[PDB]
Amino acid sequence: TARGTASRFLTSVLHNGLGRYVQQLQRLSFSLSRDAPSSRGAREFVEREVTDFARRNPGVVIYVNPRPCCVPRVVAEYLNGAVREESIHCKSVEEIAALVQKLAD
Amino acid sequence: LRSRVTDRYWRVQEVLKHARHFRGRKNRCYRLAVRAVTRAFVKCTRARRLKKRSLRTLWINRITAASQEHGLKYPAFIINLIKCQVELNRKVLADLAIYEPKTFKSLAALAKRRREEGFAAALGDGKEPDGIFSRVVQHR
Amino acid sequence: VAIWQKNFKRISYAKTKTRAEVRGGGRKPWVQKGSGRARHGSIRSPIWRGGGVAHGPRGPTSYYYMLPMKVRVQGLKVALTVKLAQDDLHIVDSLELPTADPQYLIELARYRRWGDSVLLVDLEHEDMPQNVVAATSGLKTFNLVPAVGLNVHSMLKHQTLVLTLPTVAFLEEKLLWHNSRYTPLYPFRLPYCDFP
Amino acid sequence: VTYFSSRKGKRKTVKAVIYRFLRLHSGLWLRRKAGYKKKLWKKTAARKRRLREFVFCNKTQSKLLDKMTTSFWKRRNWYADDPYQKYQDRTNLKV
Amino acid sequence: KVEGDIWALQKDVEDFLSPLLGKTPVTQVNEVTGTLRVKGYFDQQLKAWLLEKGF
Amino acid sequence: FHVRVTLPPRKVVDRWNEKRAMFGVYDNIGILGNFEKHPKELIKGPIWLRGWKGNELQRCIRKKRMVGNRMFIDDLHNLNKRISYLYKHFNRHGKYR
Amino acid sequence: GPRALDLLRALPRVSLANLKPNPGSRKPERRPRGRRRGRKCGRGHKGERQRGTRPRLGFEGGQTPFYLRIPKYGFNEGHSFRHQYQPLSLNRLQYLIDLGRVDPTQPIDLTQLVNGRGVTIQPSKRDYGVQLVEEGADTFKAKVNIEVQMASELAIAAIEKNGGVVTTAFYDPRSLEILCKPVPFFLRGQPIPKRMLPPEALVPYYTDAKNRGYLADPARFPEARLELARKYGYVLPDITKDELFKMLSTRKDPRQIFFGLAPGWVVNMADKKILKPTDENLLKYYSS
Amino acid sequence: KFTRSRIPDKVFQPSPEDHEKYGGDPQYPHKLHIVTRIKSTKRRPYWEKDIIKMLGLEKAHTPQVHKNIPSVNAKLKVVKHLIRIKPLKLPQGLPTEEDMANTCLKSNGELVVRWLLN
RNA sequence: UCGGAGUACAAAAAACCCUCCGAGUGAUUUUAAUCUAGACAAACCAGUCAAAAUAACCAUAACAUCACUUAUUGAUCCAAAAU
RNA sequence: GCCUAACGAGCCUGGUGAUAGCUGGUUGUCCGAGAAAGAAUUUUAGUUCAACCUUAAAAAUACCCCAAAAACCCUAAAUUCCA
RNA sequence: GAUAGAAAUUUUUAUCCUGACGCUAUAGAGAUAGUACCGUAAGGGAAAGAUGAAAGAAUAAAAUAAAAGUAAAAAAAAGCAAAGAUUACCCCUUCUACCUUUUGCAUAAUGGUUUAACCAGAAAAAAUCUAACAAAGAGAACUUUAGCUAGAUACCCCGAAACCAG
Ligand SMILES: Nc1nc2c(ncn2[C@@H]2O[C@H](COP(=O)(O)O)[C@@H](O)[C@H]2O)c(=O)[nH]1
Ligand SMILES: [Mg+2]
Ligand SMILES: [Mg+2]
Ligand SMILES: [Mg+2]
Ligand SMILES: [Mg+2]
Ligand SMILES: [Mg+2]
Ligand SMILES: [Mg+2]
Ligand SMILES: [Mg+2]
Ligand SMILES: [Mg+2]
Ligand SMILES: [Mg+2]
Ligand SMILES: [Mg+2]
Ligand SMILES: [Mg+2]
Ligand SMILES: [Mg+2]
Ligand SMILES: [Mg+2]
Ligand SMILES: [Mg+2]
Ligand SMILES: [Mg+2]
Ligand SMILES: [Mg+2]
Ligand SMILES: [Mg+2]
Ligand SMILES: [Mg+2]
Ligand SMILES: [Mg+2]
Ligand SMILES: [Mg+2]
Ligand SMILES: [Mg+2]
Ligand SMILES: [Mg+2]
Ligand SMILES: [Mg+2]
Ligand SMILES: [Mg+2]
Ligand SMILES: [Mg+2]
Ligand SMILES: [Mg+2]
Ligand SMILES: [Mg+2]
Ligand SMILES: [Mg+2]
Ligand SMILES: [Mg+2]
Ligand SMILES: [Mg+2]
Ligand SMILES: [Mg+2]
Ligand SMILES: [Mg+2]
Ligand SMILES: [Mg+2]
Ligand SMILES: [Mg+2]
Ligand SMILES: [Mg+2]
Ligand SMILES: [Mg+2]
Ligand SMILES: [Mg+2]
Ligand SMILES: [Mg+2]
């Protein structure tokens, strides 16, 4: 509901895209597990295509943490200081790739 | 094996978060909130459907205002702008009326000229006289 | 086979009193009409506070069913086959040990990379050597069972299976008998022409 | 019909169905036409013959009688000189 | 009781049954079980075919 | 819907105790033992439920037939009333008929 | 062959943590919870259906029921006393002989057929043994000493063509159970009983040489065999000068259940021994 | 009682002035119909609904090409009050196999063969 | 409860405490059988037709007829006869 | 009438979870298709069939349907069956 | 008719291996208790506990300050109280509360002040799906003219006036 939630006007960060386009994704931290069955998609993503994403986007610092966690998470920190925390719990590699690309965009 | 619900707090809060800004006991009591939240959502969908109609009516009113300010009626202005193959919708026309007064006056002058050419052609009933702005340009 | 093994032995000892078994509730708490409140019969109805359970669990319930014998034999065969295929089956001879130290078995297993859990199967209960008996009596993940105690549940529970040569021959003979056998006219415990 | 008996816990059968009906193993039920012994002096020869003839039952009645009877009456019987042994089976049914 | 290339068996069965029906027979392959399921009664014909093939 | 404010003591359950390690070890006693004993004999429980399964009415009937001569007065009365209620409900109530 | 075994090498360990039933094997149960499956929960509106007080199956709402307006006629009248005989095709007998289930070198009996699983006899269901049918008489090429309870005329002709012996005998239900399952009877611990004579309805069948009755006059057997051979246009084999004439002419006493064994004997299978009564009264009772 | 309607034959006998009024050839009838459903089938009988369904006119304001044979003319007569019928005109001939993907149907009824070339 | 006409104008069906006729059988002799294709009608139960083939009469009919002929009728169970 | 504040027949306990064709209630999300009544019935406050409808499976024709065809005193809209 | 229902005849090998895919103070016994209390009596019949190693550590210490109800902080034209929105709370525009029962309810037809905890679909004969073996299937008794064995799919809660016995 629009009346129940907040609102804002359309705007760009620091006049992005005017003189040059600066990617707003600053860092991407994956927290996964090396043996939990729910982290299998995250493990396959890290094995296969985290390096390709890092090479495609050199302006974002990617951290990977294998720790004993039950739910795997991804934390996207932007140039504004905004933090977006998403759960990659039980998702396919394609779903992880789509979510990561959406966060980058 | 006795099973009881343990997440009822979150089940209640998921509904109560959408009614915090209500008035009366509907923002507190769950029984009175579920009915009010459902009505709020139904009204949200209906008003989403009606927002386009409301905004189109507002744009039409603003176009009528500007055209009458230029000494022209809205139906004549629209039909002559269409006859001039100028396919600008009501939103753009209202934007021009508010923020581009000279451009809107030029459009009104063009519409009035096309109306005059149409009236002259209808009065003459002659095929050989063709208006300068009454010519139709096909796709190229 | 694993679900059957988990379930046929189950007897749930859960029982709740219905409205006919709760102590009181023998009379109408108030008259049907005029009182202005809701109509009720027994005060032990499931609606009431101390009333009985509407459906609940009813007495000891036995979830006992018996899978067909050929299906169970095929399950045993498939468990053995997957254990061999995934390099988790090891054949030894005579199941003898030098010492009765469980730590010796621990070192041997971690040296041979057998796995965290090992199940050792011997031919007969009374013929198991005292050395391995004492070694496995003090271990949790190293479990020693006779040939007749082999089953799919434990085979899947333990990462590594260890079989002796007589145990392998016994299992082979016992499992290959059902592929070319008649249906039992009477239970096979009774005498037959070619069966004990 | 008693779906669960009080002694054995089994399913019972109504004896009227077996007393006035016959089931072939193919699933068909055979019955006698009602009124075939009533007021024969008042009926034409063709009507009397039609009443005397045996008749079958449709799907609804067959399923009803199957529900009323138990599995002992749907078994395969090999009687000595059975009149309906030739009719026990169905042939050339293209469905 | 089919062991091996059940897909090859299905191909052979459909090739054998195509002239008899005038069209490719409808078949289902259960590879985890090792079963071929053809639409229609061809039991005697398939028995004779397997006898001739040597099974 | 008030929920507890403290962490419950985490149960340290082990998967390698005696019962869990020897669960159903002789489930194939017959098949691998030159048949003398059915897996029925390994079932421990009430006398009227060893190697048998039925719905509530059948279970009550079997209990009354087997151990009904040793039940207490109120227990036997409750069993009889439950048998009567189950008979009436199963033979006279329902939708599919 | 089994490429799944090689595929399993790459796959992780098969344990209890990764187990799945076949898809479609277990249809999920559905409970009356939610918007769709609530609100009368598939029972309907008011009446007897929603309250679960419907009448019985045969009830038609007060109309005279269909299963009650039909007149009673004898269809299953006396069904529990009609004699039943399991059919055994000559085709099935030849199939059993070819596959080795029954040996033609020995006299074929009901016990031998049951052991070879060719027939299944349920004496509690009023079965009185096995009858012989002619469904495979054209391709029957075996010489056996068959022993049945009823035999078709064409089946008898087909067997005599190859040169066997057909004998029809009677077995009361007790002796029939004993013949079908001798080992349970031997573990029962009771002496072998005498074989009851057929009732008056079956005496003519078993005392005629045309049916090869076991109580029939042996002097009339060759006449019946010759008549059969002349009717069906085949030469009657010289059975007397056959190598297996003893096996073809072996017979059971009309009071005898098994071959060789006698009524009153106790077969102690644990010690592999036979106990025979010697009392005069017992012997007279068992041989009478 | 409300039933179907039989249209008399004199209804479908065109006047000599009708050809000039509607722009039709007095000699050669046209070959193909362009039929476009305008009105809804609601509050109309089930036979009219079924005729609309079998004519492929389920969706409104979408032209469909049909033959000019009496077999379909009968159904078009049955549901003539819910449709607009025009003749299909081909100034550039039938579309060839090399011009299938570059054609369009104008609102005035001529199917152009080359539509927005290049 | 059953039948005919109108309602219900032209295949079938079609309701009202709608409008009118009727039936709960008589008279007479041609005393009118068995078996079986295929059909009508029909929720079911019931109701209707019927070719060919069989034994007796012309060696060429047998559908009993008439009274508006359409209605003139009652299921199981159970009781009685002589089955 | 009165028989411990309710007597056309006290109260308590047990049968008893009496029985209700009658009223009320029947608890997660999303998706697909989707029904207004002919006959019996102490039956019209209900059930059981039929016709519709749902879920699966076999097939091949299914609706629209020009001629031609369907009664005798007069008879409309139109019906049935069909390429 | 609803329904009731055997028998003749068969099978059953000693002991430990016993605890819990039962509840955790509206649950589990009614129970802290057949006690208070209610009836002349037979009889009915409850609710009520929460700190800490130490309270012989109460100038006592830490976690939630999360239900309904209030206070902090009474209200300013207009309207099922919300939505579209808006620089902006209202002011503007639009929507005849929700279940149940009905041909049809905003209906002035029923139900509910609110919160918390309890409160209502249960059965495998025939069938469908999956799997084992297959002219045979089933770990005994049966069914079998592709069938037999196993598993999963299914059928509520409250309410009378009454009747009988002591
Ligand atoms: N008998 C019958 N009742 C219907 C049908 N359609 C709707 N109803 C009933 O009508 C009511 C709901 O009305 P609706 O929402 O259909 O306008 C409900 O009581 C429903 O059972 C139908 O096709 N047949
Ligand atoms: Mg839209
Ligand atoms: Mg009580
Ligand atoms: Mg009472
Ligand atoms: Mg009550
Ligand atoms: Mg209490
Ligand atoms: Mg309780
Ligand atoms: Mg269901
Ligand atoms: Mg269920
Ligand atoms: Mg529903
Ligand atoms: Mg509701
Ligand atoms: Mg109703
Ligand atoms: Mg209701
Ligand atoms: Mg009546
Ligand atoms: Mg049998
Ligand atoms: Mg018809
Ligand atoms: Mg004739
Ligand atoms: Mg009093
Ligand atoms: Mg009730
Ligand atoms: Mg009623
Ligand atoms: Mg839908
Ligand atoms: Mg129905
Ligand atoms: Mg016509
Ligand atoms: Mg046609
Ligand atoms: Mg009665
Ligand atoms: Mg308590
Ligand atoms: Mg509060
Ligand atoms: Mg307002
Ligand atoms: Mg309204
Ligand atoms: Mg309704
Ligand atoms: Mg009303
Ligand atoms: Mg009103
Ligand atoms: Mg009202
Ligand atoms: Mg009311
Ligand atoms: Mg109201
Ligand atoms: Mg209500
Ligand atoms: Mg109220
Ligand atoms: Mg079943
Ligand atoms: Mg009475």
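Structure first, text after, so check above.
To keep things clear, this report deals only with the structure shown in the data block.

The rules we used
Residues numbered from 1 in each chain as written, not as in the entry; some residues may be left out. Chains lettered and ligands numbered in written order. Part of a larger assembly, values for the part shown. Heavy atoms only, no water. Pairing = 2+ DSSP bridges. Helix = DSSP H or I, 4+ residues; strand = E, 2+ residues; numbered from the N terminus. Axes fitted to C-alpha atoms, helices over the stretch in contact; angles between N-to-C directions. Core = buried A, V, L, I, M, F, W, Y, C linked by side-chain atoms within 4.5 Å. Buried < 20%, exposed > 50% of the residue type's maximum accessible area, 1.4 Å probe, protein only. Contact = heavy atoms within 4.5 Å. Near = heavy atom within 4 Å. Polar contact = N/O pair within 3.5 Å; in protein donor to acceptor, adjacent residues only side chain to side chain. Nonpolar A, V, L, I, M, F, W, Y, C, P; charged D, E, K, R; others polar.

Quick notes on the sheet that holds strand β2 (residues 61-66) of chain A
Residue and element names in this part refer to chain A. If you trace the four strands from one edge of the open sheet to the other, you get β2-β1-β3-β4, paired in mixed fashion. Only two strands of the sheet have a single neighbouring strand rather than two, namely β2 and β4 (83-87). With direction set aside, neighbouring strand axes in the sheet form an average angle of 15°. Where strand β1 (residues 25-32) and β2 come together, six bridges link them in parallel fashion. Looking at the pairing, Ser31 lines up with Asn65 of β2.

Structural notes on the nonpolar core
Counting 52 residues, the largest nonpolar core has G:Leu90, G:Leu93, G:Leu110, G:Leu132, G:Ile146 and G:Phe258 as the members making the most contacts within it. A per-element tally of this core places helix α5 (residues 153-162) of chain G first, with five residues. Filtering out sequence-adjacent residues up to four positions away, G:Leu110 remains in contact with G:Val119, G:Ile121, G:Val130, G:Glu147, G:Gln149, G:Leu176, G:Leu179 and G:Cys180. Residues C:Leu89, C:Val145, C:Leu163 and F:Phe35 belong to the second largest nonpolar core, which totals 27 residues.

Details of the protein's contact with RNA strand K
In the neighbourhood of RNA strand K, 141 residues make up the surrounding shell, with B:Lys43, C:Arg44, D:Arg75, G:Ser25 and G:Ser124 lying closest. The share of sugar and phosphate among atoms of RNA strand K within 4 Å of the protein is 72%. A:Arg3 places a main-chain nitrogen or oxygen 2.8 Å from a phosphate oxygen of RNA strand K. At a separation of 2.9 Å, a base nitrogen of RNA strand K approaches a polar backbone atom of G:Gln50. Looking at the surface near RNA strand K residue by residue, the class counts come to 50 nonpolar, 35 polar and 56 charged.

A word on the protein's contact with RNA strand I
Every one of the 23 residues lining RNA strand I counts as a neighbour, but D:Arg31, D:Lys42, D:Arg47, D:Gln61 and G:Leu68 are closest to it. Among the atoms of RNA strand I lying within 4 Å of the protein, the sugar-phosphate backbone contributes 84%. In the environment of RNA strand I, a phosphate oxygen lies 2.4 Å from a nitrogen or oxygen atom belonging to the side chain of D:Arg31. Only α2 (45-52) of chain D together with α2 (66-69) of chain G provide two or more residues apiece to the surface near RNA strand I. Ranked by residue count, the leading element in the surface near RNA strand I is α2(D), at six residues. Taken together, the residues of the surface near RNA strand I sort by class into seven nonpolar, four polar and twelve charged.

Distances and angles like these do not, on their own, reveal function.
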